[PDB]
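Cβ placement follows ideal geometry from the backbone for every residue including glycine, while neighbour counts extend to all protein chains displayed. What follows is calculated from the coordinates using simple rules that are stated; it is not laboratory data.
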Ligand SMILES: Nc1ncnc2c1ncn2[C@H]1C[C@H](O)[C@@H](COP(=O)(O)OP(=O)(O)OP(=O)(O)O)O1
Ligand SMILES: Nc1ncnc2c1ncn2[C@H]1C[C@H](O)[C@@H](COP(=O)(O)OP(=O)(O)OP(=O)(O)O)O1
Ligand SMILES: Nc1ncnc2c1ncn2[C@H]1C[C@H](O)[C@@H](COP(=O)(O)OP(=O)(O)OP(=O)(O)O)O1
Ligand SMILES: Nc1ncnc2c1ncn2[C@H]1C[C@H](O)[C@@H](COP(=O)(O)OP(=O)(O)OP(=O)(O)O)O1
Ligand SMILES: Nc1ncnc2c1ncn2[C@H]1C[C@H](O)[C@@H](COP(=O)(O)OP(=O)(O)OP(=O)(O)O)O1
Ligand SMILES: [Mg+2]
């Protein structure tokens, strides 16, 4: 499994998979079909395996994106990618630097 | 196959297979590995077959994405989807506000951008854990949180005499002391506008008539001097000659050195009228381009009366072609022994004030006779007695008392104020059928929420100091109590502990209905319980003030930015309850609900005994001929009403 997760800042934390569940549930909540709990627990189990001891947030995001494309519900993949790209674009602002200094 | 394609605008065009290929190719030329048409041909052939003989652009792009994220090349799909979404966002920005959703006048848009980019970062990185959790679950509202990183204060009462007597230097702009009535009003407007940018609240000028009184005599002297220059006479005895009043009289029928004693008064009145007419228009347009409040009424002199009767007749004609003026907010100061009784000095000014309030919504009325307002250091012969008369703002805020200083309302202001929701505190304990246990649990949770809000206010105070004096040019050099011994690069922590920390509440009729059968406006037991809980909060505030070495007060929140942001988040969690969460907006802090029909007398009688426990600020709003306003003021006099705003 995975024990070390390095966030965007560079810090190190554990591997609470409830984060993954909440992410892939909030993605589904904005679709048209609805929410199914048998796919969340399958994707989380498949990704809490075959990975490395230490993983980055970008790596886990990319893995979830790749696994969610080749699995039944594909109307969630477009929403997930669009929201992720929007937040990536919004992150490039210098708000953190000016806020902290 | 496919014969026709419908564009986004509405045009109908023939199907062109060389359009899908060139679109997939531009998404294959931005990845690590590109490709030739081996897969492009298969995708296009699959899309062309299995069609409806007429397709839209979006209906084709959906199929392109579905095919791309299905065949061995899932890296081109994630470049296609993102670019399509970016183009959609770009096209939606021609008539909408997409950029605000992601996070009309250009200045307003920039300010909204700043507020939205500042609020979450403060909510995360500056607040402590307990206060953050309390804020998240719809418990306490931190007013003006966007201005949190700017260690800013709320408001202040301007000592206009300093500026008018010595001049001011703010940046590279300096201004000398005034010498007439046409410059004092302009300088007052400049001071208000300048200090508005340095604070996130309103601006008020106490003793409006006293400050500008010395500049009515100067205009008279200048007119007399100019009048003696074309005649060669000697009018040196008229400079200090007492004047009963600056009333304008017709000039026909007189000759000699008593005829020119009236031309001067006439032109002085005209100039003062023009100055007071420009003040209103300036303070209205600047706001329409700033919360401005002026309080006056307790001056007995030929000059102060002239100012008070010119302002009260320029506020009568309105602005422009007769339109009413929204700003400035004008307040009348009524005292027993000055202008109240029919034989007092300024009864006619009070009559004019009552007349103007019946056409132009202003002025308001501040009662100086109340127990909490009276000051022992007041004597109606000192020319500087205005320092001991309480003044208020248009934002319903009072700062009079002090535990380490004088009991004045000049050069002091509010530091911060937060609001506590209690309707949820009542719904959360509505399940219990036994009243005693329900009340006990209510009080137990109220204690915890009060402790949390006190800790939050203390932490905001600790952050608001360590602010250099240079960050507030005008405020900490001329407009604050000890702001005359502070170096530009010195922390303001030596004078900051003179303000007020406000704890407010929103809704009490709802809380009692969620507690007992009815509200305070119908049942006596509910009124007693509400008075009990308000008194409990006041005693806890006194304990907090004694413990944290600060000043705490209880406020009736104006409900200007929190009218709705408490009931929707309670509907979404507790469901519709009859008479509690089924109205849209919660009722105000301690008022009478707008639907429970009452008369002015009953409403005043029930609402009066709360003003003694709401030292931080309170209002008496009555909805509706000078006689009606006279009756309202008399009703205020009969009880301990502090501030009234009948219209
Ligand atoms: N503790 C963790 N363990 C494993 N994966 C994590 C963890 N935290 C984040 N991730 C990964 C998987 C999540 O889908 C993705 C983003 O989750 P999330 O916690 O919302 O991000 P974040 O760090 O940006 O949070 P926030 O915006 O609340 O600060 O990052
Ligand atoms: N409404 C939604 N539609 C689609 N995906 C969503 C939605 N809400 C959340 N997600 C996804 C995006 C993230 O992977 C995760 C929640 O993390 P979130 O904090 O929203 O974004 P993020 O970690 O990518 O960005 P950031 O930290 O910059 O805000 O779930
Ligand atoms: N004439 C067409 N025949 C078939 N499909 C088309 C046609 N025009 C557009 N499409 C579909 C399939 C393409 O992959 C997708 C991209 O459209 P695109 O060629 O960029 O047109 P457009 O409407 O955006 O025009 P423009 O960008 O020139 O204003 O739209
Ligand atoms: N640089 C790129 N990266 C990834 N995919 C691209 C890129 N350029 C074009 N594409 C893909 C996705 C686009 O929908 C399609 C046609 O491009 P384009 O005409 O620019 O888009 P569009 O039709 O959404 O735009 P517009 O609304 O501005 O006309 O090809
Ligand atoms: N709109 C304004 N904004 C800022 N400062 C102003 C404005 N109008 C005038 N002033 C300044 C100019 C002077 O420095 C000061 C006082 O002006 P004024 O009453 O004309 O006196 P003064 O010192 O110029 O007298 P005199 O002209 O008789 O010598 O106010
Ligand atoms: Mg005019």
P(r) histogram, all alpha-carbon pairs of the stretch B:145-255 included - 10 Å bins from 0, percent: 11, 31, 27, 17, 9, 4, 1
Spin-label proximity, residue B:466 to the stretch B:128-156 - amide N less than 11 Å from point 7 Å beyond Cα toward beta carbon: none
Segment residue B:524-residue B:378, extension gain: residue separation times 0.36 nm, minus the distance between their alpha carbons: 48.7 nm
Rough spin-label spacing in nm, given labels placed 7 Å along Cα→Cβ, for residue B:105 and residue B:490: 3.8
Whole-number percent relative contact order across the stretch B:511-604, with pairs defined as alpha carbons under 8 Å at least 6 apart: 21
Cα-based convex hull, chain B, per residue volume (Å³, whole number): 261
Spatial separation of Cα centroids for the stretch B:202-275 and the stretch B:393-458, in angstrom: 52
Centroid-to-centroid separation of the stretch B:44-104 and the stretch B:294-347 [C-alpha atoms, Å]: 66
Structure-based [θ]222 nm, chain B - -39500 (n - 2.57) summed over DSSP H runs of at least 4, per residue, nearest 500: -13500 deg cm²/dmol
Length-normalised contact order of the stretch B:385-488 in % [C-alpha pairs under 8 Å, at least 6 apart]: 20
Calculated diffusion of the stretch B:264-413, Stokes-Einstein form, Kirkwood radius summed over Cα pairs, 4 °C and 1.567 mPa s, µm²/s: 78
Pairwise label distance in nanometres, residue B:19 with residue B:123, each label 7 Å out on the Cα-Cβ vector: 4.4
Sequence ranges B:113-119, B:387-393, ranked by mean other-Cβ count within 10 angstrom, highest first: B:387-393, B:113-119
Cα centroid separation - the stretch B:549-608 against the stretch B:475-501, whole Å: 36
More than 16 Å apart - percent of Cα-Cα pairs taken over the stretch B:418-477: 60
Nearest-0.05 FRET efficiency for residue B:407 and residue A:74, computed from C-beta distance (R0 60 Å): 0.25
Separation of the residue B:317 and residue B:137 label points, Cα + 7 Å toward Cβ, nm: 6.1
All-pairs Cα distance distribution in the stretch B:33-108, expressed in whole percent, bin size 10 Å: 14, 37, 26, 15, 6, 1
Cα-only Debye scattering, the stretch B:189-239: base-10 log of I(q)/I(0) at q = 0.28 Å⁻¹: -1.03
Sorted by Cβ density within 10 Å, fewest first, the residues B:100, B:468, A:100: A:100, B:100, B:468
Rounded to whole Å, sorted largest first: equivalent-ellipsoid semi-axes of the stretch B:519-626, Cα gyration tensor: 25, 21, 15
Spin-label proximity, residue B:547 to the stretch B:490-515 - amide N less than 20 Å from point 7 Å beyond Cα toward beta carbon: B:500-505
Paired Rg and Dmax values of the stretch A:1-44, which use every Cα atom, in angstrom: 12.9, 37
For the stretch B:1-154, alpha-carbon Rg relative to the globular expectation (2.2 N^0.38 Å, N residues): 1.60
Volume per residue that the Cα convex hull of the stretch B:364-483 spans, once the total is divided by residue count, Å³: 190
Rounded, prolate or oblate (a/c below 1.5 giving rounded, otherwise prolate when a/b exceeds b/c) for the stretch B:87-158 by Cα gyration tensor: oblate
The stretch B:244-322 - Kirkwood radius from inverse mean 1/r over Cα pairs (Å): 14.5
Chain A, relative contact order in percent, only Cα pairs under 8 angstrom and at least six apart counted: 31
